[PDB]
Protein chains: 2
Amino acid sequence: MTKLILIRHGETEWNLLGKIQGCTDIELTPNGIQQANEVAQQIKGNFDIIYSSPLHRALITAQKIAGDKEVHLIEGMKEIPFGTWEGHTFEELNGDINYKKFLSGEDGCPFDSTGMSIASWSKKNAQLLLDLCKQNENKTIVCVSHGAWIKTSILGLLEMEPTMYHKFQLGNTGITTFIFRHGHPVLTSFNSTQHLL
Amino acid sequence: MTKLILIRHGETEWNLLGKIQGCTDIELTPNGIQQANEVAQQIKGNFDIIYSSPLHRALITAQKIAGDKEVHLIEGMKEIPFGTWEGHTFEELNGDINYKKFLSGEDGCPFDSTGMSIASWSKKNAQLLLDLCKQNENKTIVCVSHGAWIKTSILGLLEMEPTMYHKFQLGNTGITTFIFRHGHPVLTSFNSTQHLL
């Protein structure tokens, strides 16, 4: 009866350009607002409580989804910091030794020079979501957040290795869901985007 | 772009009952037929080639999806044999030492007494899919098959360990998709069921 619904925020201009956002706070494009309205009509108020990253691309997506419910801001749902990667394209990072390790799995896949990795984030974010699921036991819970944050959460919840991150692709307003069996998370959908036109 | 689309067959009466099907060939329910039409309407003919398991629950689902396109039968796409487990619910198997192993990971997770495992089927199914994808390079490929077969496929394609099988749940007419970034599979969706009314 506990269902966790992770939803990636709608499109921003930097998503169009393939520029890494991290801690930047870029606004939705008009199309991303529409993606938000699209996912909102799909979810049609079929959830008990909704949480969001406070960054605007997420919050505005959440406010579209929420209907008559309050969006609860969660600081720990903000996007993963990407350090000096922010503002770059992944193509521009080929020289960077950290970027090699992010691909290969060394040091658990560092996010630039942030001192954090896919591995450490997996565990941290999975733990936040587990505590949320305990607080909201037997509810359907929507969390609106970011690409990197959601993918590390997936890995941490299912206890996958960090280079599995590069084998999941998550789109704007992609829907990802979990249920619990014997208290253990089970993935019931990943990046569902059929609501878009 | 090479795109692989894996779709589980529609509902069967045994799926409603939780009875394990394996090599049985139970027909679709009327609601299963309706699921198949709804997934066909979602896919809207947007693929180059469709393949199917020859078991009727799959073939009929595939024919609704296919429209005018020819369905290609692939023997290797038939459901995984479940041995003595066929006809039982998972609750009925709690005495069986092989069922304990299937859940724990011992011997790569055996399918009852068939001498094959989640581990062996993962490798075999991934190989079959990678061959069909090399053979239909730059095409969009639909394969209509079964829950267990598709789950082992995902595991083999993503190089995941056998107990991960229990962390994925796939529904009737659930859509799962892969792309290839230079021959390496990337999961772009799992168990999308939004097309279901």
Side-chain angles (χ1 to χ4, degrees), chain A residues 2-8 18 38-43 46 90 103-105 126 147 150-151 153-181 183-197, chain B residues 3-8 38-43 46 90 94 103-105 126 147 150-151 153-180 183-196:
Chain A
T2 309
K3 177 162 181 204
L4 183 54
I5 304 176
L6 308 176
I7 298 180
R8 180 176 176 213
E38 288 166 359
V39 80
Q41 276 150 40
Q42 178 63 42
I43 288 310
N46 208 318
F90 280 110
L103 299 184
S104 76
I150 290 165
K151 293 204 300 184
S153 293
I154 293 160
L155 301 187
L157 290 163
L158 300 175
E159 298 179 288
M160 299 166 168
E161 276 186 5
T163 47
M164 296 290 332
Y165 178 107
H166 308 303
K167 295 176 181 176
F168 285 78
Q169 185 170 279
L170 182 56
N172 287 124
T173 74
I175 294 167
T176 297
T177 59
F178 297 80
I179 65 175
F180 292 77
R181 280 219 225 94
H184 295 89
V186 172
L187 182 83
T188 65
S189 72
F190 169 67
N191 189 44
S192 167
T193 53
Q194 298 184 3
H195 60 274
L196 298 179
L197 275 165
Chain B
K3 178 173 182 177
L4 176 68
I5 305 179
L6 306 181
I7 301 175
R8 194 177 170 215
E38 291 157 359
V39 76
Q41 288 158 0
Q42 176 62 28
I43 295 289
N46 197 18
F90 279 110
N94 300 326
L103 297 183
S104 81
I150 285 168
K151 289 194 326 168
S153 294
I154 293 173
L155 300 198
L157 283 167
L158 300 177
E159 307 173 273
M160 290 172 180
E161 283 310 295
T163 48
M164 286 302 319
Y165 180 109
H166 307 299
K167 298 180 185 166
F168 281 80
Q169 180 169 287
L170 179 60
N172 294 127
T173 68
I175 303 165
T176 297
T177 60
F178 296 85
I179 68 178
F180 295 89
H184 309 108
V186 171
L187 185 71
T188 58
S189 73
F190 172 68
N191 198 38
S192 160
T193 59
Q194 289 194 28
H195 58 276
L196 297 178

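Because only heavy atoms are used, hydrogens play no part in the values below, and waters and symmetry mates are left out as well, while side chains stay in. In what follows, chains are A, B, ... by sequence order, proteins preceding strands, each numbered from 1.
The two residues B:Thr188 and A:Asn191 make their nearest non-hydrogen contact at O-ND2, 2.7 Å.
Put simply, the side chain of A:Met160 does not reach to within 4.5 Å of the side chain of B:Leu158, judged on heavy atoms. Side-chain contact check for B:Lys167 versus A:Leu187: every heavy-atom pair is 4.5 Å or farther apart.
Here the side chain of A:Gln169 pairs no donor or acceptor atom with the backbone of B:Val186 at under 3.5 angstrom.
Neither the backbone nor the side chain of B:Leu170 comes within less than 4.5 Å of any heavy atom of chain A. With a 4.5 angstrom heavy-atom cutoff, A:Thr193 touches chain B only via backbone atoms.
The ring-ring contact (aromatic ring centres under 6.0 Å, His included) test applied to B:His166 returns B:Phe102, not counting sequence neighbours. Listed by chain and residue number, B:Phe168 satisfy the ring-ring contact (aromatic ring centres under 6.0 Å, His included) test with B:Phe190 (two or more places apart in sequence, or in another chain).
In this structure, the separation between CD on A:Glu161 and CD on B:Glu159 is 11.0 Å, given to the nearest 0.5 Å.
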